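Engineer: This structure is in structure tokens; I'll ask about it shortly.
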Amino acid sequence: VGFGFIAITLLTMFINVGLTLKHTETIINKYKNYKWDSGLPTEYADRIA
Amino acid sequence: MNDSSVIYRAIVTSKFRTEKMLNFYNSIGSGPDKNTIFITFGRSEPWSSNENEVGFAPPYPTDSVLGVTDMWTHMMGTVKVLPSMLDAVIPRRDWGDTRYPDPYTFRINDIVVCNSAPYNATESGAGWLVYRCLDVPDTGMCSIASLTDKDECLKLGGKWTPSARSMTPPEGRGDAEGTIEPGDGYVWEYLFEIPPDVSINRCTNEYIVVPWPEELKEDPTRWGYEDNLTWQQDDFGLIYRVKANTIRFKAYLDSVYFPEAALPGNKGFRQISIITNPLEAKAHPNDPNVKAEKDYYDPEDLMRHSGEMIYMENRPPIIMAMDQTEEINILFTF
Amino acid sequence: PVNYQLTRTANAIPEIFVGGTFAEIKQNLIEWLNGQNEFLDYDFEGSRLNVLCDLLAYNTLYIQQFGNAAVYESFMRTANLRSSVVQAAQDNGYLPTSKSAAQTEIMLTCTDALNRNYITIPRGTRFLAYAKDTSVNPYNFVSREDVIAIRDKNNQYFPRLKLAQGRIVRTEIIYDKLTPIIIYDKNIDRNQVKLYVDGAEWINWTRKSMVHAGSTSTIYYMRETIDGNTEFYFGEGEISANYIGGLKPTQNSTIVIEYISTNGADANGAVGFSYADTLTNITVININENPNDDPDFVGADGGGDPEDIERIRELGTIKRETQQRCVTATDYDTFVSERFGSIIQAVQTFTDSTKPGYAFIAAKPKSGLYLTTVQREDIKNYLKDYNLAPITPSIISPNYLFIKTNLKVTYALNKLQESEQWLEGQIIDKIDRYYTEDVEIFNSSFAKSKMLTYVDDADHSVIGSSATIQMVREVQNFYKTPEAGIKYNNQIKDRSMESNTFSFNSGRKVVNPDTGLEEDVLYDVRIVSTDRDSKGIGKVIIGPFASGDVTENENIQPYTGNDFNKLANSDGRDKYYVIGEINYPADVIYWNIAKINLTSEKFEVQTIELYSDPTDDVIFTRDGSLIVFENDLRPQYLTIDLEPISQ
């Protein structure tokens, strides 16, 4: 009963960001590629129409 | 906490998902502060008795150091991801293709491409013009998701399948300020430019690239601005307006850089990581240390477990025969 | 509310108990008797098997009260029947003060023939007092404690003591441990008791005058055992203390109880006391000063009579919020209460923020107005023992707003019996009963319409009534008023706030006839608050002045005009001096006579009424300022007219 007792405010947001970040799908596809070394093929396929 | 006297509402919106991504790429650069990235390759061990097949799968990796440590044991070589190779993407819906399920439609807010193909080609000196998105669906005929129906229920409810086809979906660069509306409804809002060179290179069957700011602000008219008065509204940059919110980077694994490993029989068993900011062998341990800038470091010279591992994956065989390059696509929403 | 989850409920007797209206019982039994079970095979009759159903329903409606009442008086808030209430309030550490006795402090001027220093004045020292209603008959008084005196200069003593009402009685008993020692008599304030066990002391437990930190055993207990007759008993102790508990007697002892007879509350009058002292050479010189303390004095205080049921409950549950300690504003209100109560009607303790420590306590005695002293110092000590150590309690007393009625009851001559007088007084307590019930307490307003409906309730013959009204608020120090103080809390109805009396002194000499001269003590003054103006304005004036004494300078030039600022009636020569502010919309009064710069010695006694009349009919209250009317003490403003009607 003997003390002053004043009221003041504080606010806490707690922003939740960091959901998702699920990396989705990772995708890679191989190549047959061409260098000047090259050399003998084994037969052929497709190649034009 | 729960059920408090006060109850507050917080969106977090979209842009924070994108803007946070921008800060990631905004320092990839060269120097002590710019924390470059390195992808990495895999395991030689047959990994099991049943290894090559469709069913079954590698065991789920573990984030613990007990799993961090086995990679640097089982890993061979690390390709580097330049700042230029990483790219931000969008699902690439396009009107007119019969292969993908719904030819036109494209309800409410959606991204389209055209002039990319036989069917959609128009007005092409500019290649792909088309990242423009639909501002409003066309008039009526929308029967949407619930019972109610009319041009009302988009507000209290879901999305409109307009049920009517679109025609002449090509468009000019756009109207002054706000953009064109050629046909019935289907107003279109023009979104940037996408020159052809970057297309055939950095796009794919899925997704598409958007420039980052610091490019467009640097150079209009390649990616084709100065038509946009809303540009000077909020500086250049626009990765936000597209709502990109996703980032993928890729890496070229060429068996030439790793001639060892690439012999008749290499089985490249699973494990393909990612990592950050590694370091050089150091020669004898006492010394200063350097940030690692040179591509395709061998597993040795990396100071085993230097840097921190930012990603993990297991793909059970792969192949990795000599002369066949390897292209890894990995996609994050950060 | 907004969210439906906040509905809940107040204290609610569930539908399980409640209890029958009769015929609904007939309904539920028939459905349970005929249905779901039998589909009657009954051998009585078509009517009998029906009729016999309610014959056992009266058995239900009976057993649904006789045995169902227990759960009503088992709990507290829902109980009725005092006995259960009281008996269930001691485990909350309360007890309900079965009665009380009057108390004063008088300073005896007496002296002894032996001249010996340090004269004593033992416990009883029987006095007697009329406690005046007229004169006839005394009651009694006993000092009950000790004291001492001192001889200084001339040979005299000032053994000032305090005294209770009744006499005393002492009944010694042998403790059988099988024998619930009790009293049986309708009396004996539990506040003041001794109860020695064969040695001395035994300070008990439930009520401490000291608290005697540590001290372990020797405590005893006082509760109820219903019946009105108090129970004494002792703890579980052994003392071969063993560990913790009461010391207990040992199987046989002389247990000496002494209490006070406490004639009753009829003794509030006090006033003149007589010695009635026979001890030794003490002369009992009299010159007995009942109130040698301070300002206005009502006589004795207290007197009790048992507390009402509606009192106990409110104080019974709140003492679970406390445990025998006051840390809280609501605690002092419960500690200034039947423990120290019957001398205080209402409290509302509060703490001022600008001044730390110093818990402030407003209190109104049942005697009215001020607590005087030593009835204040008494409230002081009983708290500070249970108080929060560093902070000191203080009794400010509230800021009283009385009201001036001037009402007329206009009865009819036909139907009376005791006629005037007895009705003149019968209207008093009815008005007084209105205050004591509704507006006696804090934060509560009063409506003159509600006063008139108790007025018209006098007996019968009174038909109709009406009153003017003025809110009277009297300043203490005067001459100044505090900073931003002296506020009504109500709209003042400008052209009001009318003066009191005052006076002057000095004014040269002005000798008169007969004896030598005088001080010119006539020619009074008085204050008027004038008009309203553009917003608040309004000023105020100190009053009528002839000429001479003042300091005019450039800052005064006494005048408000012949406009409002109504005139005091005397020679008085107008020339009203401007003094202070008095903003009307937010009620404020400000004076500070130092503005016109006179001397305070030129004014007579302070503590002057002002008493503006209210704008609205209903008078509000705030900031710990009571509106309570007490007649018997100050008659000064109550005036009523009985003007009759002949049919």
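Every chain in the structure tokens takes a letter, A first, then B, and so on in the order presented; its residues are numbered from 1, and the ligands are numbered from 1 following the presented order.
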Could I get the residues of chain A with an atom no further than 10 Å from an atom of chain B, each paired with its nearest atom pair and that distance in Å to one decimal, using only C-alpha atoms, sorted by chain and residue number, as a Markdown table?
Structural biologist:
| residue | atom | partner | partner_atom | distance |
| --- | --- | --- | --- | --- |
| A:13 | CA | B:10 | CA | 8.6 |
| A:14 | CA | B:10 | CA | 9.5 |
| A:15 | CA | B:12 | CA | 7.3 |
| A:16 | CA | B:12 | CA | 7.9 |
| A:17 | CA | B:12 | CA | 7.2 |
| A:18 | CA | B:334 | CA | 8.5 |
| A:19 | CA | B:17 | CA | 9.3 |
| A:20 | CA | B:333 | CA | 6.7 |
| A:21 | CA | B:333 | CA | 4.9 |
| A:22 | CA | B:333 | CA | 6.2 |
| A:23 | CA | B:332 | CA | 3.5 |
| A:24 | CA | B:331 | CA | 5.3 |
| A:25 | CA | B:331 | CA | 5.5 |
| A:26 | CA | B:330 | CA | 3.3 |
| A:27 | CA | B:329 | CA | 4.0 |
| A:28 | CA | B:328 | CA | 3.7 |
| A:29 | CA | B:327 | CA | 5.3 |
| A:30 | CA | B:326 | CA | 4.7 |
| A:31 | CA | B:325 | CA | 5.0 |
| A:32 | CA | B:324 | CA | 4.6 |
| A:33 | CA | B:324 | CA | 5.9 |
| A:34 | CA | B:323 | CA | 7.9 |
| A:35 | CA | B:323 | CA | 8.3 |
| A:37 | CA | B:323 | CA | 9.9 |
| A:38 | CA | B:323 | CA | 9.1 |
Engineer: Using the selection just defined, write its residues with N, CA, C and O atoms as a compact mmCIF listing (two decimals), in the first residue's frame.
Structural biologist:
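Once written, out05.txt looks like this:
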# COMPACT_ATOMS: atom_id res chain seq x y z
N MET A 13 6.69 -8.70 -30.92
CA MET A 13 6.09 -9.08 -32.20
C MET A 13 6.06 -10.59 -32.38
O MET A 13 5.01 -11.16 -32.69
N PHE A 14 7.20 -11.26 -32.19
CA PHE A 14 7.34 -12.68 -32.50
C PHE A 14 7.02 -12.99 -33.96
O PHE A 14 6.18 -13.83 -34.27
N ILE A 15 7.70 -12.29 -34.88
CA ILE A 15 7.56 -12.62 -36.29
C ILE A 15 8.12 -14.02 -36.54
O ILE A 15 9.22 -14.36 -36.11
N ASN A 16 7.33 -14.84 -37.23
CA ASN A 16 7.55 -16.27 -37.32
C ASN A 16 8.35 -16.69 -38.55
O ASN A 16 8.44 -17.89 -38.83
N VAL A 17 8.91 -15.73 -39.30
CA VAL A 17 9.49 -16.02 -40.60
C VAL A 17 10.57 -17.10 -40.48
O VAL A 17 11.20 -17.27 -39.43
N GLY A 18 10.77 -17.84 -41.56
CA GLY A 18 11.57 -19.05 -41.54
C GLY A 18 10.79 -20.31 -41.81
O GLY A 18 11.39 -21.38 -41.93
N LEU A 19 9.46 -20.23 -41.90
CA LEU A 19 8.70 -21.29 -42.52
C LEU A 19 9.04 -21.36 -44.00
O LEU A 19 9.64 -20.45 -44.57
N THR A 20 8.65 -22.48 -44.63
CA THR A 20 9.11 -22.88 -45.95
C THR A 20 10.60 -23.19 -45.93
O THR A 20 11.05 -23.98 -45.09
N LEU A 21 11.37 -22.61 -46.84
CA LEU A 21 12.77 -22.99 -47.04
C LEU A 21 12.88 -24.50 -47.22
O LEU A 21 13.71 -25.17 -46.61
N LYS A 22 12.04 -25.05 -48.09
CA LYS A 22 11.92 -26.49 -48.24
C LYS A 22 12.80 -27.05 -49.35
O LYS A 22 12.71 -28.25 -49.64
N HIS A 23 13.61 -26.21 -50.00
CA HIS A 23 14.58 -26.56 -51.03
C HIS A 23 13.91 -27.11 -52.29
O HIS A 23 14.61 -27.42 -53.26
N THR A 24 12.59 -27.28 -52.25
CA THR A 24 11.79 -27.87 -53.33
C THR A 24 12.46 -29.10 -53.92
O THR A 24 12.92 -29.97 -53.18
N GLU A 25 12.53 -29.19 -55.24
CA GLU A 25 13.18 -30.30 -55.92
C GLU A 25 14.50 -29.84 -56.52
O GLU A 25 14.59 -28.74 -57.07
N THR A 26 15.52 -30.69 -56.40
CA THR A 26 16.79 -30.47 -57.06
C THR A 26 16.87 -31.40 -58.27
O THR A 26 16.47 -32.56 -58.19
N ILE A 27 17.36 -30.87 -59.39
CA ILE A 27 17.24 -31.55 -60.67
C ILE A 27 18.54 -31.42 -61.44
O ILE A 27 19.13 -30.33 -61.52
N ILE A 28 19.01 -32.54 -61.98
CA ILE A 28 20.24 -32.62 -62.76
C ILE A 28 20.04 -33.59 -63.90
O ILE A 28 19.34 -34.60 -63.76
N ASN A 29 20.64 -33.28 -65.05
CA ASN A 29 20.48 -34.07 -66.26
C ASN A 29 21.81 -34.16 -66.99
O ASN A 29 22.49 -33.15 -67.19
N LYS A 30 22.17 -35.37 -67.40
CA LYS A 30 23.50 -35.68 -67.91
C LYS A 30 23.65 -35.27 -69.37
O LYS A 30 22.67 -35.16 -70.12
N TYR A 31 24.90 -35.04 -69.78
CA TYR A 31 25.23 -34.64 -71.14
C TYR A 31 26.27 -35.58 -71.75
O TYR A 31 27.12 -36.14 -71.05
N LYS A 32 26.16 -35.75 -73.07
CA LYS A 32 26.95 -36.66 -73.89
C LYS A 32 28.14 -35.98 -74.57
O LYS A 32 28.64 -36.51 -75.57
N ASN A 33 28.60 -34.84 -74.06
CA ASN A 33 29.05 -33.70 -74.86
C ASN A 33 30.22 -33.91 -75.81
O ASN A 33 30.79 -35.00 -75.92
N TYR A 34 30.59 -32.82 -76.50
CA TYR A 34 31.47 -32.86 -77.67
C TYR A 34 32.75 -32.11 -77.37
O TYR A 34 32.73 -30.91 -77.07
N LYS A 35 33.88 -32.81 -77.47
CA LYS A 35 35.19 -32.18 -77.44
C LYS A 35 35.94 -32.59 -78.69
O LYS A 35 35.60 -33.58 -79.35
N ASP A 37 38.47 -34.13 -79.04
CA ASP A 37 39.07 -35.46 -78.98
C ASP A 37 38.18 -36.42 -79.75
O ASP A 37 38.59 -36.95 -80.79
N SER A 38 36.97 -36.63 -79.25
CA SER A 38 35.92 -37.37 -79.96
C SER A 38 36.44 -38.76 -80.29
O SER A 38 36.81 -39.50 -79.35
Engineer: Set the distance at 9 Å and use only C-alpha atoms: which residues neighbour residue A:2 once local chain neighbours fewer than 4 positions away are removed? I'd like the list as a list in words.
Structural biologist: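 Here the qualifying residues turn out to be residues 328, 329, 350, 351, 352, 353, 355, 356, 357, 358, 359, 360, 388, 391, 392 and 393 of chain C.
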Engineer: Atoms to include: N, CA, C and O atoms. Write the selected residues as a PDB file, in the first residue's frame.
Structural biologist:
ATOM      1  N   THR C 328      -1.629  -5.029   1.574  1.00  0.00           N
ATOM      2  CA  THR C 328      -2.408  -4.522   0.454  1.00  0.00           C
ATOM      3  C   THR C 328      -3.409  -3.483   0.936  1.00  0.00           C
ATOM      4  O   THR C 328      -3.834  -3.511   2.094  1.00  0.00           O
ATOM      5  N   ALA C 329      -3.769  -2.560   0.041  1.00  0.00           N
ATOM      6  CA  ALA C 329      -4.775  -1.553   0.360  1.00  0.00           C
ATOM      7  C   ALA C 329      -6.064  -2.190   0.860  1.00  0.00           C
ATOM      8  O   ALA C 329      -6.664  -1.715   1.830  1.00  0.00           O
ATOM      9  N   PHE C 350      -5.586   4.265   1.062  1.00  0.00           N
ATOM     10  CA  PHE C 350      -4.939   4.521  -0.217  1.00  0.00           C
ATOM     11  C   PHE C 350      -3.519   4.992   0.041  1.00  0.00           C
ATOM     12  O   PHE C 350      -3.170   5.391   1.155  1.00  0.00           O
ATOM     13  N   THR C 351      -2.702   4.938  -1.008  1.00  0.00           N
ATOM     14  CA  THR C 351      -1.313   5.379  -0.950  1.00  0.00           C
ATOM     15  C   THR C 351      -1.117   6.522  -1.938  1.00  0.00           C
ATOM     16  O   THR C 351      -1.528   6.428  -3.101  1.00  0.00           O
ATOM     17  N   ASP C 352      -0.513   7.609  -1.470  1.00  0.00           N
ATOM     18  CA  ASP C 352      -0.217   8.735  -2.343  1.00  0.00           C
ATOM     19  C   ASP C 352       1.112   8.495  -3.046  1.00  0.00           C
ATOM     20  O   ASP C 352       2.096   8.093  -2.417  1.00  0.00           O
ATOM     21  N   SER C 353       1.143   8.742  -4.356  1.00  0.00           N
ATOM     22  CA  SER C 353       2.327   8.407  -5.138  1.00  0.00           C
ATOM     23  C   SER C 353       3.463   9.388  -4.882  1.00  0.00           C
ATOM     24  O   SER C 353       4.637   8.999  -4.870  1.00  0.00           O
ATOM     25  N   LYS C 355       4.249  10.909  -2.189  1.00  0.00           N
ATOM     26  CA  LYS C 355       4.875  10.668  -0.899  1.00  0.00           C
ATOM     27  C   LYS C 355       5.018   9.169  -0.672  1.00  0.00           C
ATOM     28  O   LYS C 355       4.024   8.486  -0.401  1.00  0.00           O
ATOM     29  N   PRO C 356       6.227   8.625  -0.758  1.00  0.00           N
ATOM     30  CA  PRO C 356       6.398   7.183  -0.558  1.00  0.00           C
ATOM     31  C   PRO C 356       6.179   6.810   0.896  1.00  0.00           C
ATOM     32  O   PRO C 356       5.975   7.662   1.764  1.00  0.00           O
ATOM     33  N   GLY C 357       6.243   5.507   1.159  1.00  0.00           N
ATOM     34  CA  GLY C 357       5.815   4.987   2.437  1.00  0.00           C
ATOM     35  C   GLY C 357       4.430   5.495   2.773  1.00  0.00           C
ATOM     36  O   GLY C 357       3.565   5.665   1.912  1.00  0.00           O
ATOM     37  N   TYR C 358       4.232   5.766   4.064  1.00  0.00           N
ATOM     38  CA  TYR C 358       3.064   6.489   4.557  1.00  0.00           C
ATOM     39  C   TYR C 358       1.750   6.023   3.948  1.00  0.00           C
ATOM     40  O   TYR C 358       1.152   6.742   3.142  1.00  0.00           O
ATOM     41  N   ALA C 359       1.292   4.830   4.309  1.00  0.00           N
ATOM     42  CA  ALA C 359      -0.011   4.349   3.869  1.00  0.00           C
ATOM     43  C   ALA C 359      -1.044   5.236   4.553  1.00  0.00           C
ATOM     44  O   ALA C 359      -1.083   5.352   5.778  1.00  0.00           O
ATOM     45  N   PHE C 360      -1.879   5.881   3.742  1.00  0.00           N
ATOM     46  CA  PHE C 360      -2.886   6.784   4.278  1.00  0.00           C
ATOM     47  C   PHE C 360      -4.196   6.045   4.495  1.00  0.00           C
ATOM     48  O   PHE C 360      -4.611   5.215   3.681  1.00  0.00           O
ATOM     49  N   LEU C 388       3.540  -3.851   6.827  1.00  0.00           N
ATOM     50  CA  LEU C 388       4.752  -4.044   6.042  1.00  0.00           C
ATOM     51  C   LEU C 388       5.796  -3.094   6.618  1.00  0.00           C
ATOM     52  O   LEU C 388       5.622  -1.872   6.574  1.00  0.00           O
ATOM     53  N   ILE C 391       7.022   0.933   5.915  1.00  0.00           N
ATOM     54  CA  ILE C 391       6.014   1.966   5.704  1.00  0.00           C
ATOM     55  C   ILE C 391       5.192   2.138   6.973  1.00  0.00           C
ATOM     56  O   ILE C 391       4.843   1.162   7.646  1.00  0.00           O
ATOM     57  N   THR C 392       4.904   3.391   7.315  1.00  0.00           N
ATOM     58  CA  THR C 392       4.166   3.723   8.524  1.00  0.00           C
ATOM     59  C   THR C 392       2.730   4.090   8.184  1.00  0.00           C
ATOM     60  O   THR C 392       2.500   4.898   7.272  1.00  0.00           O
ATOM     61  N   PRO C 393       1.735   3.500   8.840  1.00  0.00           N
ATOM     62  CA  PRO C 393       0.356   3.928   8.606  1.00  0.00           C
ATOM     63  C   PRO C 393       0.091   5.278   9.251  1.00  0.00           C
ATOM     64  O   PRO C 393       0.719   5.664  10.237  1.00  0.00           O
TER      65      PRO C 393
END
Engineer: Can you work out the spacing between atom CA of residue C:636 and atom CA of residue C:610 in Å, to one decimal?
Structural biologist: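 Going from atom CA of residue C:636 over to atom CA of residue C:610 covers 13.3 Å.
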Engineer: Provide as a PDB file with N, CA and C atoms, in the first residue's frame the residues of chain A at most 7 Å from chain C, counting only C-alpha atoms.
Structural biologist:
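selection_35.pdb, written as the output of this step:
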ATOM      1  N   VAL A   1       0.805  -1.210   0.000  1.00  0.00           N
ATOM      2  CA  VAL A   1       0.000   0.000   0.000  1.00  0.00           C
ATOM      3  C   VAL A   1       0.843   1.267   0.000  1.00  0.00           C
ATOM      4  N   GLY A   2       2.161   1.157   0.127  1.00  0.00           N
ATOM      5  CA  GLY A   2       3.001   2.330   0.236  1.00  0.00           C
ATOM      6  C   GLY A   2       3.822   2.719  -0.972  1.00  0.00           C
ATOM      7  N   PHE A   3       3.606   2.111  -2.133  1.00  0.00           N
ATOM      8  CA  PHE A   3       4.473   2.335  -3.277  1.00  0.00           C
ATOM      9  C   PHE A   3       3.689   2.879  -4.466  1.00  0.00           C
ATOM     10  N   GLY A   4       4.429   3.474  -5.404  1.00  0.00           N
ATOM     11  CA  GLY A   4       3.820   4.386  -6.364  1.00  0.00           C
ATOM     12  C   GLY A   4       2.965   3.704  -7.417  1.00  0.00           C
TER      13      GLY A   4
END
Engineer: Compile a residue-level contact table for chain C against chain B at a cut-off of 12 Å, reporting for every qualifying residue the shortest atom pair and its distance in Å to one decimal, with only C-alpha atoms counted, rows ordered by chain and ascending number, as CSV.
Structural biologist:
residue,atom,partner,partner_atom,distance
C:2,CA,B:5,CA,11.5
C:3,CA,B:5,CA,10.2
C:5,CA,B:3,CA,10.4
C:6,CA,B:5,CA,10.5
Engineer: Go ahead and save the picked residues with N, CA, C and O atoms, as a short mmCIF file (atom, residue, chain, number, x, y, z; two decimals), in the first residue's frame.
Structural biologist:
data_model
loop_
_atom_site.label_atom_id
_atom_site.label_comp_id
_atom_site.auth_asym_id
_atom_site.auth_seq_id
_atom_site.Cartn_x
_atom_site.Cartn_y
_atom_site.Cartn_z
N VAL C 2 -17.99 -9.69 -25.76
CA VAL C 2 -17.63 -9.87 -27.16
C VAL C 2 -17.45 -11.35 -27.43
O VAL C 2 -18.28 -11.98 -28.10
N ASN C 3 -16.37 -11.93 -26.92
CA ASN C 3 -16.15 -13.36 -27.04
C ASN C 3 -17.05 -14.10 -26.06
O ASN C 3 -17.06 -13.78 -24.87
N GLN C 5 -16.80 -16.83 -24.69
CA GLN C 5 -16.13 -17.64 -23.68
C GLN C 5 -16.00 -16.95 -22.34
O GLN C 5 -15.56 -17.58 -21.37
N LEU C 6 -16.37 -15.67 -22.24
CA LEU C 6 -16.22 -14.90 -21.02
C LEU C 6 -17.48 -14.90 -20.16
O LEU C 6 -17.52 -14.20 -19.14
#
Engineer: Skip residue C:559 itself and residues of its chain fewer than 2 positions away, then list as a list in words all residues within 8 Å of it, counting only C-alpha atoms.
Structural biologist: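 Contacts, with the query itself left out: residues 557, 561, 575, 576, 577 and 578 of chain C.
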Engineer: Kindly indicate which residue among C:146, C:301, C:474, C:420 lies nearest to residue C:607, using only C-alpha atoms for the distances.
Structural biologist: C:474
Engineer: Mind listing the strand (DSSP E) residues of stretch 2-90 of chain B, per DSSP on the backbone, as number ranges by chain?
Structural biologist: B: 37-39, 80-81, 87-88
Engineer: Using only N, CA, C and O atoms, please write the residues we just selected to a file, as an mmCIF file, in the first residue's frame.
Structural biologist:
data_model
loop_
_atom_site.group_PDB
_atom_site.id
_atom_site.type_symbol
_atom_site.label_atom_id
_atom_site.label_comp_id
_atom_site.auth_asym_id
_atom_site.auth_seq_id
_atom_site.Cartn_x
_atom_site.Cartn_y
_atom_site.Cartn_z
ATOM 1 N N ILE B 37 29.934 -20.075 -52.432
ATOM 2 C CA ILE B 37 29.278 -21.373 -52.298
ATOM 3 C C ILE B 37 30.042 -22.409 -53.108
ATOM 4 O O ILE B 37 30.696 -22.074 -54.099
ATOM 5 N N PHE B 38 29.961 -23.665 -52.684
ATOM 6 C CA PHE B 38 30.556 -24.789 -53.389
ATOM 7 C C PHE B 38 29.625 -25.987 -53.321
ATOM 8 O O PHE B 38 29.168 -26.360 -52.240
ATOM 9 N N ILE B 39 29.354 -26.596 -54.468
ATOM 10 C CA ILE B 39 28.602 -27.842 -54.490
ATOM 11 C C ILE B 39 29.650 -28.931 -54.341
ATOM 12 O O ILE B 39 30.842 -28.626 -54.290
ATOM 13 N N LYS B 80 32.415 -25.403 -58.137
ATOM 14 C CA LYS B 80 32.029 -24.146 -57.515
ATOM 15 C C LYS B 80 30.815 -23.578 -58.224
ATOM 16 O O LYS B 80 30.656 -23.751 -59.434
ATOM 17 N N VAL B 81 29.964 -22.906 -57.466
ATOM 18 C CA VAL B 81 28.829 -22.178 -58.009
ATOM 19 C C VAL B 81 29.197 -20.704 -58.030
ATOM 20 O O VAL B 81 29.308 -20.065 -56.980
ATOM 21 N N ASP B 87 20.110 -18.654 -60.053
ATOM 22 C CA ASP B 87 19.054 -17.944 -60.753
ATOM 23 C C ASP B 87 17.730 -18.119 -60.022
ATOM 24 O O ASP B 87 17.496 -19.132 -59.359
ATOM 25 N N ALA B 88 16.869 -17.107 -60.142
ATOM 26 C CA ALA B 88 15.562 -17.097 -59.498
ATOM 27 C C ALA B 88 14.464 -17.417 -60.508
ATOM 28 O O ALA B 88 14.463 -16.923 -61.632
#
Engineer: With a distance cut-off of 12 Å and only C-alpha atoms, select the neighbouring residues of residue B:149, excluding the residue or stretch itself and same-chain residues fewer than 3 positions from it, and output the selection as a compact mmCIF listing (two decimals) with N, CA and C atoms, in the first residue's frame.
Structural biologist:
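Output saved as part.txt:
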# COMPACT_ATOMS: atom_id res chain seq x y z
N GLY B 140 -18.06 -12.81 -67.16
CA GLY B 140 -18.70 -13.86 -66.40
C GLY B 140 -18.22 -15.24 -66.78
N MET B 141 -19.13 -16.20 -66.62
CA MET B 141 -18.96 -17.62 -66.93
C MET B 141 -18.09 -18.33 -65.90
N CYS B 142 -17.60 -17.62 -64.88
CA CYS B 142 -16.76 -18.22 -63.84
C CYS B 142 -17.67 -19.02 -62.92
N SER B 143 -17.43 -20.32 -62.86
CA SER B 143 -18.09 -21.11 -61.83
C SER B 143 -17.06 -21.55 -60.80
N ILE B 144 -17.12 -20.94 -59.62
CA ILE B 144 -15.94 -21.01 -58.76
C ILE B 144 -16.17 -21.82 -57.49
N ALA B 145 -15.66 -23.04 -57.50
CA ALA B 145 -15.21 -23.76 -56.32
C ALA B 145 -16.27 -24.05 -55.26
N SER B 146 -17.28 -23.20 -55.19
CA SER B 146 -18.31 -23.39 -54.21
C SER B 146 -19.67 -23.35 -54.88
N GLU B 152 -18.65 -11.65 -58.00
CA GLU B 152 -18.73 -11.22 -56.62
C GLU B 152 -17.74 -12.06 -55.84
N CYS B 153 -17.99 -13.37 -55.91
CA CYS B 153 -17.46 -14.41 -55.04
C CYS B 153 -15.95 -14.60 -55.12
N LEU B 154 -15.25 -13.89 -56.01
CA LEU B 154 -13.81 -13.89 -55.78
C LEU B 154 -13.46 -13.28 -54.44
N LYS B 155 -14.29 -12.37 -53.94
CA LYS B 155 -13.95 -11.65 -52.72
C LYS B 155 -14.14 -12.52 -51.48
N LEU B 156 -15.26 -13.22 -51.40
CA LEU B 156 -15.51 -13.99 -50.18
C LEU B 156 -14.92 -15.38 -50.32
N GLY B 157 -14.18 -15.63 -51.40
CA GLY B 157 -13.94 -17.00 -51.83
C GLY B 157 -12.79 -17.20 -52.78
N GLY B 158 -12.82 -18.33 -53.49
CA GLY B 158 -11.70 -18.80 -54.25
C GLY B 158 -11.55 -18.19 -55.63
N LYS B 159 -11.06 -18.98 -56.58
CA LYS B 159 -10.58 -18.46 -57.85
C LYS B 159 -11.52 -18.87 -58.97
N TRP B 160 -11.48 -18.09 -60.05
CA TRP B 160 -12.42 -18.21 -61.15
C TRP B 160 -11.82 -19.04 -62.27
N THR B 161 -12.48 -20.12 -62.63
CA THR B 161 -12.23 -20.71 -63.93
C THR B 161 -13.16 -20.07 -64.94
N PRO B 162 -12.66 -19.21 -65.83
CA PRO B 162 -13.58 -18.38 -66.62
C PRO B 162 -14.42 -19.14 -67.62
Engineer: Give the helix (DSSP H, G or I) residues of stretch 169-289 of chain B, as assigned by DSSP on the backbone, as a list in words.
Structural biologist: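 Selection result, helix (DSSP H, G or I) within stretch 169-289 of chain B: residues 196, 197, 198, 199, 200, 201, 202, 232, 233 and 234 of chain B.
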Engineer: List the neighbours of residue C:553 out to 12 Å using only C-alpha atoms; skip same-chain residues closer than 5 positions along the sequence, and give me the result as a list in words.
Structural biologist: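 What passes the distance filter is residues 558, 595, 596 and 597 of chain C.
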Engineer: Can you tell me, as a count of residues only, what residues are no more than 7 Å from residue B:310 when counting only C-alpha atoms, ignoring any on the same chain fewer than 6 positions away?
Structural biologist: 3
Engineer: Which distance in Å separates atom CA of residue B:132 and atom CA of residue B:14, to one decimal?
Structural biologist: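 So the answer is 18.9 Å.
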Engineer: Got a sec: who's within 9 Å of residue B:47, counting only C-alpha atoms, leaving out chain neighbours fewer than 4 positions off, as JSON, numbers by chain?
Structural biologist: {"B": [43, 51, 58, 269, 270, 316]}
